[PDB]
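Q: Just dropping in an experimental structure and the matching sequence.
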Amino acid sequence: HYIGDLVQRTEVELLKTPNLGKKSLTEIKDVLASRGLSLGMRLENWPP
Amino acid sequence: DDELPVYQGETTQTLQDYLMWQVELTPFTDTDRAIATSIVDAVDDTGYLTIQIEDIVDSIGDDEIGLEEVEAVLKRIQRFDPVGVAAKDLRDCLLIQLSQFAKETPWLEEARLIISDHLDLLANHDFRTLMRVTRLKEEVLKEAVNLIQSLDXXXXXXXXXXXXXXXXXXXXXXXXXXXXXXXXXXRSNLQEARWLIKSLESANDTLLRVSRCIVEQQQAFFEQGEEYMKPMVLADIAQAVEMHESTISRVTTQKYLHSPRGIXXXXXXXXXXXXXXXXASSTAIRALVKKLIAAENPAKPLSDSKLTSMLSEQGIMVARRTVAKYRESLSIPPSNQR
């Protein structure tokens, strides 16, 4: 849900799940390349 | 050596240095860091230009690595400190700089995306027909354009050019009776080396005499008061003291003479002989050509042939090609607006 829980993952961890392939990883890399830029942190905690 | 402030250096930071510093600190993969380092060198002291994209992609030597990977990474690089960085074409520059308006800007977000994304090529002249394209009227569009005109361009904030690179002058031309007059302002072994100094000290006194001399002959060759400078050949200065052309051009190329107008020292000896009986070489031709083209075209005449006819009326024997070619150059709008 939302962003953060998605934003921290290594591409080596995300690359292997069904249906992603190499294309969708670069797709989310392009979409999330804008705004957040992040694709990682250890952060702190969560409000919800 | 050490223990003193030798001119060891400063290690300042340019824009590419700083961008690379900014890449070091962001969560790029092994490859993406190679694309990032590949882009930040492509960037210029001017910002906007990231030059050709497909050469960025092809420079990596295939093996996969599509266009989209450099595109995303490229966007994120475009997002680093000086707001709009790199990108291309200024359009996407203003779209990235416009990417963060906080979205709480009234009327600006939408209108600004329409104007800045597309049709901005026609916004150069004025609004006019564009007002009918976007259906906007009055100050609704004018305020958005106030924001677009309030953006600035690219980087050139990092800069790191504190050095103005001053002239320091060399020889002063004290202005006389509507002209110029030169003044030129501004144990046994090492003892034998001392002797060389005597010769260097004797030549140092004549160094100013060469500047005042060649300067006096240069003042006699070209009229100061006259428009531009009277056409002269290096054969005149080579006639006076009997010096070689390359030597005189080298002295005038290294040192720079300060007169009351122009700092411009080696350009006062370079001229053409025109090869015509009816006649200031190319200086007044291009200069006065752009001056005559300055006040002209009541609306949009854009006629270089009329300017060539005006130059032919002055008795310069214009070719209607050479005159138009030299006149239309150096940012001259002439012949371009037609």
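A: Good, I have the coordinates. Numbers count the residues shown, from 1 in each chain, chains lettered A, B, ... in the order given.
Q: Show me the longest helix that occurs in the chain.
A: Since no chain was named, I'll use chain A. helix A:21-31 (DSSP state H).
Q: nope, chain B
A: Longest helix in chain B, counting by DSSP H: helix B:189-221.
Q: Point out the other helices and strands that it packs with.
A: strand B:171-174, strand B:181-182, helix B:234-240, helix B:245-254, strand B:257-258 (3 or more Cβ pairs under 8 Å, 6 or more residues apart in numbering or on different chains; DSSP states H and E). No exception for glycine: its C-beta is placed from N, CA and C like everyone else's.
Q: Quick one: work out the angle between that helix and helix B:245-254.
A: Compare the direction of helix B:189-221 with that of helix B:245-254 by axes from the mean of the first three to the mean of the last three Cα atoms, to 10 degrees and you get 90 degrees.
Q: buried set for helix B:189-221?
A: Of all the residues in helix B:189-221, those buried under the rule 16 or more other Cβ atoms under 10 Å in any protein chain shown are B:208, B:210-211, B:213-215, B:217-219, B:221.
Q: quick one: which two of those are the most distant?
A: Spatial extent of these (Cβ to Cβ) is set by the pair B:208 and B:221 at 20.0 Å.
Q: Shouldn't residue B:135 be within a strand?
A: No: checked against DSSP: H, G, I helix; E, B strand; the rest coil, residue B:135 lies outside a strand; its state is coil.
Q: Check the spacing between it and residue B:188 real quick.
A: 95 Å (Cβ to Cβ, to the nearest Å).
Q: same question, residue B:305
A: With Cβ to Cβ as the criterion, residue B:305 and residue B:188 are 78 Å apart.
Q: Could you check which of those two is surrounded by more residues?
A: Neighbour count, other Cβ atoms under 10 Å in any protein chain shown: between residue B:305 and residue B:188, residue B:305 has more, with 13 against 7.
Q: That one sits in which helix or strand?
A: Assigned by DSSP states H and E, residue B:305 falls within helix B:304-313.
Q: Relative to residue A:4, how far out is residue B:103?
A: With Cβ to Cβ as the criterion, residue B:103 and residue A:4 are 20 Å apart.
Q: show me the contacts for the residue lying closest to residue B:127 once chain neighbours are set aside.
A: Computed as Cβ to Cβ, 6 or more residues apart in numbering or on different chains, the closest residue to residue B:127 that is not its neighbour in sequence is residue B:141, at 6.3 Å. Going by Cβ atoms under 8 Å, 6 or more residues apart in numbering or on different chains, residue B:141 touches B:111, B:115, B:127, B:130-131, B:134.
Q: Go ahead and measure how far the longest helix of chain B is from the middle of the chain.
A: The chain centroid and the centroid of helix B:189-221 are separated by 36 Å, computed with Cα atoms, centre = their mean, to the nearest Å.
Q: now do stretch B:126-144
A: Distance of stretch B:126-144 from its chain centroid, counting by Cα atoms, centre = their mean, is 34 Å.
Q: and of the buried residues of helix B:189-221, the nearest to residue B:248?
A: residue B:214 (6.9 Å).
Q: need the contact list for the closest one.
A: Here residue B:214 is in contact with B:237, B:241, B:248, B:251-252 (Cβ under 8 Å, 6+ apart).
Q: Take these and, keeping just the buried ones, write it as a ChimeraX select command.
A: Only the buried entries of these go into this ChimeraX selection, using 16+ other Cβ under 10 Å:
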select /B:237,248,251,252
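Q: Mind putting the contacts of residue B:214 into a markdown table with distance to residue B:93?
A: A markdown table is the format used below for those (distance: Cβ to Cβ, whole Å):
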| residue | distance to residue B:93 |
| --- | --- |
| B:237 | 50 |
| B:241 | 56 |
| B:248 | 48 |
| B:251 | 46 |
| B:252 | 43 |
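Q: Quickly check the contacts of residue B:214 for the two that are furthest apart.
A: B:241 and B:252 (13.1 Å).
Q: So out of everything in the stretch 201-338 of chain B, what residue is nearest chain A?
A: Using Cβ to the nearest Cβ, the single residue of the stretch 201-338 of chain B nearest to chain A is residue B:331, 37.1 Å away.
Q: Then the stretch 101-250 of chain B?
A: residue B:103 (11.7 Å).
Q: wait, doesn't that residue sit right on residue B:109?
A: Yes: the criterion here is Cβ atoms under 8 Å, and residue B:103 meets it with residue B:109 at 5.9 Å.
Q: Chain B contacts on chain A?
A: Contact residues, chain A versus chain B (Cβ under 8 Å from any Cβ of the partner chain): A:11, A:26-27, A:29-30, A:33-34, A:37-41.
Q: Just the buried subset of these, please.
A: By 16+ other Cβ under 10 Å, those give A:26, A:29-30, A:33, A:37-39 as buried.
Q: for the closest residue in space to residue B:330 that isn't next to it in sequence, what are its contacts?
A: Using Cβ to Cβ, 6+ apart and skipping residues adjacent in sequence, the residue nearest residue B:330 is residue B:290, 7.0 Å away. By Cβ under 8 Å, 6+ apart, the contact list for residue B:290 reads B:327, B:330, B:332.
Q: Tell me how many other residues surround the last one.
A: Just to be clear, that refers to residue B:332. 18.
Q: Doesn't it belong to a strand?
A: No: going by three-state DSSP, the assignment for residue B:332 is coil, not a strand.
Q: ok, it touching residue B:292?
A: No: applying Cβ under 8 Å as the test, residue B:332 and residue B:292 come out as separate, 11.1 Å apart.
Q: quick one: residue B:251 from residue B:212, how far?
A: 13 Å.
Q: want to throw the helices and strands packed on helix B:189-221 into a markdown table with distance to residue A:48?
A: Output for those, formatted as a markdown table (distance: least, Cβ to Cβ, whole Å):
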| stretch | distance to residue A:48 |
| --- | --- |
| strand B:171-174 | 77 |
| strand B:181-182 | 84 |
| helix B:234-240 | 83 |
| helix B:245-254 | 73 |
| strand B:257-258 | 73 |
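Q: Cheers, nothing more for now.
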